[PDB]
Structures are given as C-alpha cells and as structure tokens.
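Q: Everything below, folded, please.
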Amino acid sequence: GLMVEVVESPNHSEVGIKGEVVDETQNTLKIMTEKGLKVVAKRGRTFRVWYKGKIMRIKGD
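A: Numbers count the residues shown, from 1 in each chain. I have put the structure below:
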C-alpha cells in the first residue's frame with residue numbers, strides 16, 4: 001500500500017505528481033509521479049508517504 005504524493009526533480013515542480021513508492025524501509029527511496037521517476041535518500045526533494053500502517057513526511061534540507 002505504498003501510496004505517496006511526491007515532489008522531486010531540480011525545479012519548482014518538475015516531477016511532482018500522485019505516484020507510487022518503492023523501498024520505504026529497505027534502503028533508499030525511489031518514487032515516480034508523472035513527469036518521471038526520481039531516486040533519492042532521506043535527504044533530497046520533498047516527499048510525503050502513506051502506508052497501510054501509518055503516515056510520515058520526509059523533507060530534505
């Protein structure tokens with residue numbers, strides 16, 4: 001149930017869309033919205049994730 005809303009990519013809103021997430025607690029975090037898919041670490045771009053357990057928000061810098 002890795003449903004996430006993600007805003008990433010060097011731009012005010014390059015790839016930000018309703019997207020899916022992979023690797024929530026595995027290692028790194030990769031999310032794809034619409035303009036494309038970007039891969040970053042705990043620190044990078046702004047993403048909000050929703051799982052079948054709880055909801056958390058992670059923002060870089």
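Q: Residue 24 - nearest residue in space that isn't next to it in sequence?
A: residue 2 (6.0 Å; CB to CB, 6 or more residues apart in numbering). From N, CA and C alone the C-beta is placed, and that goes for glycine too.
Q: and that neighbour, how far is that from residue 22?
A: Using CB to CB, to the nearest Å, we find residue 2 at a distance of 7 Å from residue 22.
Q: before we move on, what about residue 37?
A: 9 Å.
Q: what sits in contact with each of the two?
A: Common neighbours of residue 37 and residue 22, using CB atoms under 8 Å, 6 or more residues apart in numbering, are 30-31.
Q: Contacts for the host helix or strand of residue 31, please.
A: In the assignment (DSSP states H and E), residue 31 maps to strand 29-32. Contact with strand 29-32 is made by 4, 6, 8, 15, 19-23, 37-42, 47, 58, as judged by CB under 8 Å, 6+ apart.
Q: Among those residues, name the buried ones.
A: When those are checked for burial by 16 or more other CB atoms under 10 Å, the buried set is 4, 6, 8, 15, 19, 21, 37-38, 40, 47, 58.
Q: who's residue 49 bridged to?
A: Under DSSP bridges, the beta-bridge partners of residue 49 are residue 4, residue 56.
Q: For residue 59, give its distance to residue 20.
A: Distance, residue 59 to residue 20, using CB to CB: 19 Å.
Q: With residue 7 instead?
A: Separation of residue 7 from residue 20 (CB to CB): 14 Å.
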